[PDB]
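Here, each number is a calculation from the coordinates, and none is a lab measurement. In this analysis, Cβ positions are derived from the backbone assuming ideal geometry, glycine residues included, and neighbour counts consider all displayed protein chains.
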Amino acid sequence: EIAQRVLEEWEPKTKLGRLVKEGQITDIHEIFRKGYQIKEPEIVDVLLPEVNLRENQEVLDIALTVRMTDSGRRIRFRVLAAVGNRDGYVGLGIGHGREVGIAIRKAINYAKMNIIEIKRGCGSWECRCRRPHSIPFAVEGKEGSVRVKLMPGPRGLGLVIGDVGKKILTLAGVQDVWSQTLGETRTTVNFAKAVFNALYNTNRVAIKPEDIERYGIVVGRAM
RNA sequence: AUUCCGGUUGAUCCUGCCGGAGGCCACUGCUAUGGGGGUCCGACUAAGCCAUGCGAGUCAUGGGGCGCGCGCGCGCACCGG
Ligand SMILES: [Zn+2]
């Protein structure tokens, strides 16, 4: 379809982009757990073509900030945006501009560059299935004054959390969760970053080879 | 649904309080077709005052006796329980 449409008019600037364009890197999971740097959004546009669909591109927050000069007030726009494959890959970005379209575009680019993969499972006392509809164990996240704690829930319990957390977890591929919070949750940037870090910290919990089949743990895409 | 949103600045992050948004009880405005079930209706102020009528009686196989009809049968009150 549009693979030859996105790959033909792109000239790589970095070495990872060249590796991807030649064809030696072929799956999304081969770019993560090395010390690789990602400085091109076309890498992710090639390896995850689904992040380009407009239904996977939630725009979260738009703010208008002012800088004083003796002439007048200089206005700037700040846009916090979210991107994600709905099967375990998420990204969060912030973009500034002298107008709104420039800021939105820069936010989506920086969201594509900040892509992470997460782990999923069941882990609940009340469901005990082995299907990756939630997170497999409770996790913590912090940002500024905001603290977030996520806990696994049973099937059909849909996303008991604020709306920013709702959208981020929906772009993550998670469907059931309980939550607790502390701090200035009315500041959208800090709440969003704390939930992002909570989702990241699923990779920081040590597990034994017997837990992967008890909780149905899946790393990245499922099936 | 183990949930958040608005408000102190030229703009920002915090603390902290006020408000919204849910449910139950009492008074109340506008409006109102029909059935069923139920442990609903002068409790909050004055456990303030009350006109009238009803809310506790029964036994004639405990006793004597009066009346009405043919010793018997019906009825009334009295003593007694
Ligand atoms: Zn489950």
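On the given criteria, is A:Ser124 touching a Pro at 6+ places or on another chain (Cβ under 6 Å), hydroxyl-bearing (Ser, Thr, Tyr) and at negative phi? So A:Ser124 passes the test.
Just one of the numbered conditions (1) without any contact (Cβ under 8 Å) to a residue 60 or more places away in the chain; (2) outside any helix (DSSP H, G or I); (3) farther than 17 Å from A:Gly144 by Cβ is not true of A:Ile212: (2). Counting the residues of the stretch A:94-107 that are within 19 Å of A:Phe196 (Cβ to Cβ) and crowded, with 22+ Cβ neighbours inside 10 Å gives 1.
Hey, can you tell me all the residues within the stretch A:108-167 that are among the acidic types (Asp, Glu) and either within 16 Å of the ligand (Cβ to nearest atom) or assigned to a loop (DSSP other than H, G, I, E, B) (or both)? The answer is A:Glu126, and nothing else.
Matching residues to (1) in a loop (DSSP other than H, G, I, E, B); (2) over 30 Å from A:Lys166 (Cα atoms); (3) over 17 Å from the mean Cα position of the chain (by Cα):
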position: A:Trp10; (1), (2), (3): yes, yes, yes
position: A:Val20; (1), (2), (3): no, yes, yes
position: A:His29; (1), (2), (3): no, no, no
position: A:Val44; (1), (2), (3): no, no, no
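Checked against the criterion of being touching a residue at least 60 places away in the same chain (Cβ under 8 Å), within 16 Å of the chain's Cα centre (by Cα), away from the ligand (no atom under 16 Å from the Cβ) and more than 18 Å from A:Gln57 (Cα to Cα), the stretch A:177-190 contains not a single residue that satisfies it. In the set (1) of a type outside the set (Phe, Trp, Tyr); (2) more than 16 Å from the ligand (Cβ to nearest atom); (3) surrounded by 15 or more Cβ atoms within 10 Å (Cβ to Cβ), A:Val218 fails one condition alone, (2).
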